[PDB]
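J.: Sequence, then the experimental structure. Questions to follow.
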2 protein chains.
Amino acid sequence: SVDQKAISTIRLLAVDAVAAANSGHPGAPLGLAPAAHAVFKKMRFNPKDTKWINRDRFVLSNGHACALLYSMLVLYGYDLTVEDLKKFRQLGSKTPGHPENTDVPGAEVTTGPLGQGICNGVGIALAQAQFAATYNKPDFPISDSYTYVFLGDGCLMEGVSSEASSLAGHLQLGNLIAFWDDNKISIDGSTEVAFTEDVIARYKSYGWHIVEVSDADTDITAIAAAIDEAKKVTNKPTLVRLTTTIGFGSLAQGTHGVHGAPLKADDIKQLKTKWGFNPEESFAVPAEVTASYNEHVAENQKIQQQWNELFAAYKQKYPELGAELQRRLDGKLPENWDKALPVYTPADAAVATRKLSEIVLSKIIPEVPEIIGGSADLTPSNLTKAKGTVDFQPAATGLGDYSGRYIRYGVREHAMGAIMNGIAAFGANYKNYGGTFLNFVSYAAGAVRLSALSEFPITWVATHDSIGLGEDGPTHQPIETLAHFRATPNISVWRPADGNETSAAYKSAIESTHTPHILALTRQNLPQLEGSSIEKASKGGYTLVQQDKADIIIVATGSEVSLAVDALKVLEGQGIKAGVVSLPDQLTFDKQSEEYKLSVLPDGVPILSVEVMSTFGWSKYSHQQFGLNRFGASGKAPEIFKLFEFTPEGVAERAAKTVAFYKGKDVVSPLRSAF
Amino acid sequence: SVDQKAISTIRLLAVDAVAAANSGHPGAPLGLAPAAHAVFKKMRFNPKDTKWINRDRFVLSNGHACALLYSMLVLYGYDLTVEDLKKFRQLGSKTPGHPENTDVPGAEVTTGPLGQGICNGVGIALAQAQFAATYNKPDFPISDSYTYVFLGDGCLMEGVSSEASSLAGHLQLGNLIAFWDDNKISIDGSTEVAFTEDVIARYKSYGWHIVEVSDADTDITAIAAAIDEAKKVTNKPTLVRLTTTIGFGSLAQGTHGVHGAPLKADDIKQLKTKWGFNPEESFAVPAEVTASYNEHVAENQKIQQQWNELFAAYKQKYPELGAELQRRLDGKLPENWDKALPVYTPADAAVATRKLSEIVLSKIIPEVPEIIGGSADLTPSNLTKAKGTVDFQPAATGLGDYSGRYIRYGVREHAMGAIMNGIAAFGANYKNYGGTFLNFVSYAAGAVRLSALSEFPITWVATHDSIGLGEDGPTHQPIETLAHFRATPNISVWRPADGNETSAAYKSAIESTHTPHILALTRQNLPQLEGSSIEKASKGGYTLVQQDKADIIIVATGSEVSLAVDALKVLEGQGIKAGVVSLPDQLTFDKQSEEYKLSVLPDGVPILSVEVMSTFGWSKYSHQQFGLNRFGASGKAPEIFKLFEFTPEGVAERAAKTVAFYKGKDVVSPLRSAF
Ligand SMILES: Cc1ncc(C[n+]2c([C@](O)(CO)[C@@H](O)[C@H](O)COP(=O)(O)O)sc(CCOP(=O)(O)OP(=O)(O)O)c2C)c(N)n1
Ligand SMILES: Cc1ncc(C[n+]2c([C@](O)(CO)[C@@H](O)[C@H](O)COP(=O)(O)O)sc(CCOP(=O)(O)OP(=O)(O)O)c2C)c(N)n1
Ligand SMILES: [Ca+2]
Ligand SMILES: [Ca+2]
């Protein structure tokens, strides 16, 4: 049959790709080829339009199996060829060793770190439900797509997938259909050594529907039927148990050895001969298979053509919603949306930046429908919900609706991070956010790093940023956290000092298309600064207090900018003239012109940094660094600041020592370097 | 009854502590006081000897409820008083806002970050099982203790607890007894908004035993009976469902408001009056309660007295095992154990540091019985198992035994990290380790940071440290990871360059008593260096190649030390004389004398760092930094190094530019500072 030939083609493309690289993972591709064939036949997609908003999405959560994904994409005529497969795992190729959404056409997300993809699928499905609830009308099914996820035993062991699966079950996400590659093998051998739980019983406990396919090595009829069954269960996500043989067909099938290394050449020969292929040929693509796959593409393209006409008719009947939808699909925010951002003056009261953040969200959520977000069980602490909005919940619960805009993530930071990545991956200009304490963003590092690598414009609303939180103590107080994320490529880490800077931080976060944002926000009140503005703070770093005859410049962030300003006054009494720089985002600052950066951090003057966290990174911008490189303490916050000498007098003392240290020395900007 | 009076005393101490601080969490302490009373009555412990090795352990995983724990410890006469309770959450007190093992007598571990404590309890129970299997003999129950854990809904939502609970069920840890505070309230309100899974069904799916206590607000008889029942089930960990009212007794009981803020003064008055206490009095301790608790302490002390005699008789009957046990309880490694560390010369072959690590483990595991460890499903990749050792498994499985020394953690990095903390917390000199790829240590950041704060000598065997891993690509290649952990207080981050440095890294990791270690190890082969030794590498940083007329010093780590040595030769052809410093651990180096450090990084010479990861931190040790501050690539590793110019010629070019940049400038050691 042509179906059998397609499955063999997929298997052998994957095996040949691994062989050519002499690197990679043939086992799961061999075991999952029947399921991949069956699922892609059911999926609606256009290889010539990867961004069609009503496509079904596929996610390979077991990303090491990517030779399988690449084979599917090649066979279906995505912008990926057999020549690209021949360059699997080679420097600069479109077929990297794990899938990357930036590099691989048809890769929705970046996987390889286990557990992430299933959570991303939960986010894609969450977004689809929210999107459909927002736009669909009678006779206008603008959004009705499914989210298909493959995952393995490793993904099921990772706690992040438990978090997302509990939440997905709670959210009754009926358009999510996940497939477990039940092959009883991981790197350390049999799952009997470490993973003997009743997975199916666990998934039932989350409120998932289950379909079991006992012979997923061959029974594509049953896999197709499982999809049909899952589509009938509209109020539960479905887990399809695919009982497979890892490395099916290999001499080494059913062993850990077939997981992660190239097959022996003689093994590949016997694979080919028993499936009717030429053992002397590699990268074979039978034209029958191409033809069959092209038929399905042509049908899908006619479906998209009809969808485009549905969308045109929608814009006629619902002109307001239609224009909104068009704008979002064009990747554009509402015209002048940023006029809603709050602006402050130095005459306004002190406000904590967590509260300033609440106020921003309250103003911009009504203006920008593509903003949705939530908190990991810290809503009244992070202040992440705009009053009068509705929670994202299935209406059956009575607790919200799918048109809602506020997500109750529960105590699930890591899954929140990966779900945010999925919401961004859905597209339609979603600008989504997630609240927790800054110190517990670290629980989600696996996902945060992938936000950066994947270039997704997600936002962490990361409150309680420092020892300023006080009594909860050192288990809650960040030290290393900003250094960690600033050291990660492509993360904007905003630490706004006041009202105007907080609005600039949100302007950046919402306008972002390729850079995730972390907004480090305070528990404690901070004054409105003389000299701040959205305009200046949007440069990432700016001169707050200019002093043309400066003996020293103090560069600071967040809560320490006000401290620097108070230190300037103490220094004046000591006969020392200081300037102050505010550096609310180091990444945005770094991206400014060299001349702009030098105007902020000039040659010929010592520069002292002040920030109540790690000094790592700060030598980019300063000659000396006053930071906190030990754990915190449990007490009233002002007493902790006093203990560590983060006081106007403590800063002034260190500034004076810095001036003295450079007396008689030639000083050049920290921005200068040898290469 | 005196039991009722004790429960009221506990509740009111907790409430009064929160009131005095005007900060903290009264809800869970009110709800869990009956269970705490019942559990502590069943527990064997000595308040005057917190380290008795056969004590039952208690862990408060819902660490925000620590006013409850502190109240128990005070009532039982630990080294914690009512005067300390009056200083709850105050700077410098012994009653911080979350429990810290370093500061609080009777706090086994540091909790507050949700999910950690239950995992720590899994580790304490794992250690107890391994310890008992190692030492117990007929008529000599040296170890027979239980591990009691309280946890809440937040802990159950955190994925780390799912990981550890799956593993604990697999491991049949019958001496683990956990209690879920089933109060249906978290910070965002009812658990109906985010947490509607069938928890009990999930725990059954892991292989746990369940006991339900439907009225845990009052039914201490049933709580005691649940413990007795759990003790009869010797091959399953038990979850006891405690259905409680959060804030029981408060006017605001059963609401999120009672979770996390002080009660109103009038509320506290009515609590006191209805429980028979004086509403005008705070911190009341009825002498009846003290007496009752003292009876139980006296009985426990007689049990420990008898245990000491059992131990003396054990040493007579089993002199070898007895001496080993004594040595371990004294906190001492075997005399001259380090003579087993492998030593290399420059004539020996190149070896990857992952393989050098395997060889070290193979030599030291037979010499040091208190070493146990495992891998998160990367055993044949991390090379963490010594040939001929047995896995830690219940004997019923046929796959290992509790006397085993190698743990199959599965794909569970975060739980592995927290379980390691529990194994360390058990005591008996356990020196335990966990393998994964360095990039996925980040999945466990929540636990790693707590290793540092808790001062536990755990070790991560963190292989595949860089772009040197090659084809798996940027989702696997660390960039930010060393900077993150180096920026965390109290983490030794070893990146050994060769055989001798790898032995020094293990010497440090195994000798540690208060500092967690991460060993960053290579996939790829590295040469044995001329000038390396265990002695010199044990200083953390040392001069590898001394050049008395150096134009530049190159400081490097790990795989980049050999690169620096090759660059020195290129530079010689350009007329530039270089020295080389190897910096295998920045923390150990920092702890050396100022004079020693200056001998390695002197004044008067430019210093260039080379390490294929983030440049953050490196300005502590260098004037210019050559690092990698972008994500990696999927390709053959040497091609990636060439792409990024981490080649002898690329390093030499940057060294020459550094020399030129400082021509005519006065250069002082990067170790100098203004304050
Ligand atoms: C978060 C996390 N932890 C560990 C891994 C490591 N790991 C993964 C990889 O990294 C591939 O993605 C490794 O196969 C590396 O390629 C090996 O590197 P070398 O030893 O050749 O140098 S895959 C994996 C477990 C696979 O178990 P599964 O049951 O999920 O998959 P299958 O049924 O065996 O196909 C495990 C445990 C990961 N990818 N993500
Ligand atoms: C990993 C992690 N994530 C979030 C939290 C935050 N959180 C915790 C805390 O941090 C205390 O430990 C917060 O109560 C902060 O003290 C609040 O700070 P402010 O707003 O007053 O400034 S507790 C918690 C959820 C509690 O749900 P549970 O059901 O576990 O506990 P209970 O039955 O309500 O007692 C949640 C969600 C955490 N501790 N650990
Ligand atoms: Ca598997
Ligand atoms: Ca609760």
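T.: Received it, and whenever you're ready, just let me know what you need. Numbers count the residues shown, from 1 in each chain, chains lettered A, B, ... in the order given. Ligands and ions are numbered 1, 2, ... in the order given.
J.: can we go C-alpha only for contacts and neighbour counts from here?
T.: Will do.
J.: what's the burial count for the residue lying closest to residue A:14 once chain neighbours are set aside?
T.: With Cα to Cα, 6 or more residues apart in numbering or on different chains as the criterion, residue A:14 has its nearest non-adjacent residue at 4.8 Å, and that residue is residue A:67. Neighbour count of residue A:67, defined by other Cα atoms under 10 Å in any protein chain shown: 32.
J.: what's the following helix or strand after the helix or strand that contains residue A:67?
T.: Using DSSP states H and E, residue A:67 falls within helix A:66-75. Counting by DSSP H and E, the next helix or strand C-terminal to helix A:66-75 is helix A:82-85.
J.: In that next one, which residues are buried?
T.: A:82, A:84-85 (16 or more other Cα atoms under 10 Å in any protein chain shown).
J.: Stretch A:495-510 too?
T.: A:495-510.
J.: name the element the nearest residue to residue A:103 once chain neighbours are set aside belongs to?
T.: In space, and not counting its chain neighbours, residue A:103 is closest to residue A:94: 5.8 Å by Cα to Cα, 6+ apart. Taking DSSP H and E as the definition, residue A:94 sits outside all helices and strands.
J.: for residue A:94, what are its contacts?
T.: A:80, A:84, A:87-88, A:103-104 (Cα atoms under 8 Å, 6 or more residues apart in numbering or on different chains).
J.: if we go to 7 Å?
T.: Residue A:94 sits next to A:84, A:103-104 when contact means Cα atoms under 7 Å, 6 or more residues apart in numbering or on different chains.
J.: Repeat that for residue A:27.
T.: A:246-247, A:258-260.
J.: picking up where we left off before, the buried residues of stretch A:495-510 in strands, which ones?
T.: Among the buried residues of stretch A:495-510, DSSP state E puts none in strands.
J.: one step back: just checking, what packs against the helix holding residue A:67?
T.: helix A:2-21, helix A:27-42 (3 or more Cα pairs under 7 Å, 6 or more residues apart in numbering or on different chains; DSSP states H and E).
J.: Could you rerun that using 10 Å?
T.: helix A:2-21, helix A:27-42, strand A:57-60, helix A:82-85, helix A:287-317 (3 or more Cα pairs under 10 Å, 6 or more residues apart in numbering or on different chains; DSSP states H and E).
J.: does residue A:91 count as helix, strand or coil?
T.: coil (DSSP: H, G, I helix; E, B strand; the rest coil).
J.: which SS state does residue A:272 fall under?
T.: helix.
J.: Tell me where the stretch 301-450 of chain A has strands.
T.: Under the criterion DSSP state E, counting those that start in this stretch, the stretch 301-450 of chain A carries strands at the ranges A:351-352, A:371-375, A:406-408, A:431-437.
J.: Out of those strands, which is closest to residue A:53?
T.: Comparing those against residue A:53 with Cα to Cα, the closest turns out to be strand A:431-437 (15.9 Å).
J.: angle of that closest one against strand A:371-375?
T.: Relative orientation of strand A:431-437 and strand A:371-375, computed by axes from the mean of the first three to the mean of the last three Cα atoms, to 10 degrees: 20 degrees.
J.: The particular helix or strand that has residue A:599 in it: how far from the chain's middle?
T.: Following DSSP H and E, one finds residue A:599 within helix A:594-600. Remark: helix A:594-600 is offset 31 Å from the chain centroid, using Cα atoms, centre = their mean, to the nearest Å.
J.: same question, stretch A:438-447
T.: Chain-centre distance of stretch A:438-447: 12 Å, with Cα atoms, centre = their mean.
J.: Can you tell me the strand partners of the helix or strand encompassing residue A:460 and which way each runs?
T.: If you go by DSSP H and E, residue A:460 is part of strand A:459-463. Applying DSSP bridges, strand A:459-463 is found paired with strand A:431-437 (parallel), strand A:517-520 (parallel).
J.: is any part of the first one close to ligand 2?
T.: No: using Cα under 6 Å from any ligand atom as the criterion, no contacts between strand A:431-437 and ligand 2 are found, and the smallest distance is 6.7 Å.
J.: Excluding covalently adjacent residues, which one is nearest to the residue of the stretch 251-400 of chain A at minimum distance from chain B?
T.: Per Cα to the nearest Cα, residue A:377 is where the stretch 251-400 of chain A lies closest to chain B, at 5.2 Å. Distance criterion Cα to Cα, 6+ apart; nearest residue to residue A:377, sequence neighbours excluded, is residue A:410 at 4.6 Å.
J.: Give me the neighbour count for that neighbour.
T.: 28.
J.: That one reaches residue B:185, doesn't it?
T.: No: counting by Cα atoms under 10 Å, residue A:410 stays clear of residue B:185, with 11.1 Å between them.
J.: overlap in contacts of the two?
T.: B:153-154, B:191, B:193, B:195 (Cα atoms under 10 Å, 6 or more residues apart in numbering or on different chains).
J.: so which of these are also by ligand 4?
T.: residue B:153 (Cα under 5 Å from the ion).
J.: still on that earlier bit, which one among the buried residues of stretch A:495-510 gets closest to chain B?
T.: Taking Cα to the nearest Cα as the measure, chain B lies nearest residue A:495 of the buried residues of stretch A:495-510, at 18.1 Å.
J.: who's in contact with the closest one?
T.: A:353, A:462, A:465, A:482, A:501-502, A:505, A:518-522, A:540, A:556-560, A:582-586.
J.: about what we covered before: for the residue nearest to residue A:377, give me its contacts.
T.: Residue A:410 neighbours (Cα under 10 Å, 6+ apart): A:163, A:166-167, A:374-379, A:416, B:153-154, B:157-158, B:186-188, B:191, B:193-195.
J.: Relative to ligand 1, how far out is it?
T.: 22 Å (Cα to the nearest ligand atom, to the nearest Å).
J.: Backbone torsions only: list them for that residue.
T.: Here the main-chain torsion angles of residue A:410 (degrees, to the nearest 10) amount to phi 70, psi -170.
J.: Among the buried residues of helix A:82-85, pick out the one closest to residue A:18, please.
T.: Out of these, the member with the shortest distance to residue A:18 (by Cα to Cα) is residue A:85, at 9.1 Å.
J.: Against residue A:427, how distant is that closest one?
T.: Residue A:85 is 27 Å from residue A:427, where distance means Cα to Cα, to the nearest Å.
J.: And for residue A:522?
T.: 31 Å.
J.: next one: residue A:144
T.: 15 Å.
J.: Between those two, which is the more surrounded one?
T.: More neighbours surround residue A:427 than the other of residue A:144 and residue A:427, with 21 against 16 (other Cα under 10 Å).
J.: give the contact list for the more buried one.
T.: A:51-53, A:108, A:124, A:127-128, A:328-329, A:331, A:370, A:456.
J.: Return the member of the residues you listed nearest to ligand 1.
T.: Distance to ligand 1 across the contacts of residue A:427 (Cα to the nearest ligand atom) is lowest for residue A:108, with 17.3 Å.
J.: who's in contact with the residue nearest to that closest one when sequence neighbours are not counted?
T.: Once flanking residues are discounted, residue A:108 sits nearest to residue A:101: 5.6 Å by Cα to Cα, 6+ apart. Residue A:101 makes contact with A:107-111, A:425, A:453-456, according to Cα under 10 Å, 6+ apart.
J.: Which member of those is positioned nearest residue A:291?
T.: residue A:107 (23.0 Å).
J.: Distance-wise, check the residue in the stretch 501-650 of chain A positioned nearest to ligand 1 relative to residue A:632.
T.: Closest to ligand 1 within the stretch 501-650 of chain A is residue A:516: 20.6 Å, counting by Cα to the nearest ligand atom. In this view, residue A:516 and residue A:632 are 28 Å apart by Cα to Cα.
J.: Mind checking which of those two has more residues around it?
T.: residue A:516 (28 against 24).
J.: sorry, back to before: also within reach of ligand 1: list those from the contacts of residue A:27.
T.: A:259-260.
J.: For the contacts of residue A:27, which single residue is the most surrounded?
T.: residue A:246 (29 neighbours).
J.: Test my guess that residue A:426 contacts residue A:107.
T.: No: applying Cα under 10 Å, one finds residue A:426 not in contact with residue A:107, separated by 11.9 Å.
J.: Pop the domain breakdown of chain A in here.
T.: Following curated CATH domains, one gets these domains for chain A: A:1-326, A:327-538, A:539-675.
J.: Alright, that wraps it up for me.
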